[PDB]
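Okay, structure first, notes after.
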There are 2 protein chains.
Amino acid sequence: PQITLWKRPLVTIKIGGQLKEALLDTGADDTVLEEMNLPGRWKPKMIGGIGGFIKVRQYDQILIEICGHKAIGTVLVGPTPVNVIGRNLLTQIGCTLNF
Amino acid sequence: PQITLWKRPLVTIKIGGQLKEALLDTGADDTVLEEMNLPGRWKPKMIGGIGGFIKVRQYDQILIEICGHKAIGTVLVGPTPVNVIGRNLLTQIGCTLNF
Ligand SMILES: CCOP(=O)(COc1ccc(C[C@H](NC(=O)O[C@H]2CO[C@H]3OCC[C@H]32)[C@H](O)CN(CC(CC)CC)S(=O)(=O)c2ccc3c(c2)OCO3)cc1)OCC
């Protein structure tokens, strides 16, 4: 589809057997999701933006479905104020910017 | 143009007569630039990102050209980690997400 940017580009995602709302974020290198108790091993990471850095858990090879488009890659989990789908997954679903 | 997301969607912008590089950031409501001198009145504002809140200077009705497309809108100036073009200006240049 085509998503205009009058409002936040929020979509439903499926991850870890759960549905959530997440931002299609071209400014996010990585995908960052609200706290959730995913199974498996993880690695500590810190990511920064406006206001500073937060601590997150890095999970690799996680399956996410975005608007019916399947993707698999790294997902960071932590106390982020919003779920953001980053470029690592946006490329996998064929997402472009157009003007 | 159509812009893929394998790398950061960085583009050249023109503001206050000066050229800069900025990130097209669909996850940003607002446009936030690194510290710079801009002519005209401004008001102090606060904006929040993934790591907390920062203090910025708000400039209204500023001319800014983004990849050869003109916009006139609000530009926030402060200690952002990178120059970001937010949805307030992306809508003006007709930018959409497509997959
Ligand atoms: C419930 C209350 O919410 P809230 O207000 C905050 O909510 C939000 C809403 C959207 C975002 C997304 C963020 N947008 C943003 O900052 O926009 C601000 C300007 O316009 C306003 O619009 C929204 C906030 C304001 C960027 O799109 C992406 N970011 C990097 C970007 C920085 C600008 C470029 C470096 S990033 O998230 O940091 C990040 C993601 C993956 C990574 C990474 C860093 O590093 C590797 O991988 C983040 C928090 O709380 C305040 C305490």
Side-chain angles (χ1 to χ4, degrees), chain A residues 3 5-11 13 15 20-33 35 42 44-60 62 64 66 71 73-92 95 97, chain B residues 3 5-11 13 20-36 44 46-54 56-60 62 64 66 71 73-92 95 97:
Chain A
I3 300 171
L5 300 170
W6 296 115
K7 61 204 261 280
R8 285 181 185 238
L10 291 170
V11 298
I13 62 168
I15 175 176
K20 300 174 176 299
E21 295 296 286
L23 220 55
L24 300 181
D25 190 354
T26 59
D29 296 347
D30 309 321
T31 298
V32 196
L33 300 181
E35 177 57 41
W42 52 273
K45 187 170 176 62
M46 278 174 77
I47 57 172
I50 285 173
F53 287 74
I54 62 166
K55 296 167 193 173
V56 294
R57 306 193 304 283
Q58 170 178 336
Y59 293 86
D60 299 322
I62 303 297
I64 298 190
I66 305 158
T74 295
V75 176
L76 312 179
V77 177
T80 175
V82 296
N83 297 320
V84 309
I85 303 300
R87 291 188 296 101
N88 70 305
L89 300 181
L90 293 173
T91 56
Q92 297 189 30
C95 189
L97 287 169
Chain B
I3 300 171
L5 299 171
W6 303 101
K7 53 225 298 164
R8 287 167 173 157
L10 292 167
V11 302
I13 64 166
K20 296 177 166 292
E21 187 166 80
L23 180 71
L24 304 179
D25 186 351
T26 58
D29 301 342
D30 310 316
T31 295
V32 192
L33 304 183
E34 299 177 304
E35 274 297 324
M36 66 172 297
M46 305 275 303
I47 55 166
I50 204 168
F53 283 84
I54 61 168
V56 298
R57 286 140 48 208
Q58 179 176 332
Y59 295 83
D60 291 336
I62 296 293
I64 172 171
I66 303 162
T74 298
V75 179
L76 310 179
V77 180
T80 175
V82 302
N83 299 325
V84 300
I85 306 304
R87 291 186 297 98
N88 71 308
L89 303 184
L90 296 174
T91 56
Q92 291 202 19
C95 189
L97 287 165

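Both ligands and their constituent atoms are indexed starting at 1 by order of listing. Residue numbering restarts at 1 for every chain, and letters A, B, ... go by the order of the sequence lines.
- Proximity of a side-chain donor or acceptor of B:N83 to a complementary backbone N or O of B:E34 within less than 3.5 Å is detected.
- In this structure, B:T91 contributes its side chain and A:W6 its backbone to no donor-acceptor pair below 3.5 Å.
- Using a 4.5 Å heavy-atom cutoff, the side chains of A:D25 and B:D25 are in contact.
- Remark: the B:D30 side chain and the B:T74 side chain contain no N/O donor-acceptor pair separated by less than 3.5 Å.
- The backbone N or O of A:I50 sits nowhere less than 3.5 Å from a side-chain atom of B:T80 that would complete a donor-acceptor pair.
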Tabulate distances under 3.5 Å between N/O atoms of ligand 1 and N/O atoms of the protein, writing both atom names on each line.
from     : atom 1 : to    : atom 2 : distance (Å)
ligand 1 : 14 (N) : B:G27 : O      : 3.1
ligand 1 : 20 (O) : B:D29 : N      : 3.2
ligand 1 : 20 (O) : B:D30 : N      : 3.0
ligand 1 : 22 (O) : B:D29 : N      : 2.9
ligand 1 : 22 (O) : B:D29 : OD2    : 3.4
ligand 1 : 27 (O) : A:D25 : OD1    : 2.9
ligand 1 : 27 (O) : A:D25 : OD2    : 2.5
ligand 1 : 27 (O) : B:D25 : OD1    : 2.5
ligand 1 : 27 (O) : B:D25 : OD2    : 3.2
ligand 1 : 47 (O) : A:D30 : N      : 3.3
ligand 1 : 47 (O) : A:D30 : OD2    : 2.9

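- In this structure, A:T26 contributes its side chain and B:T26 its backbone to a donor-acceptor pair below 3.5 Å.
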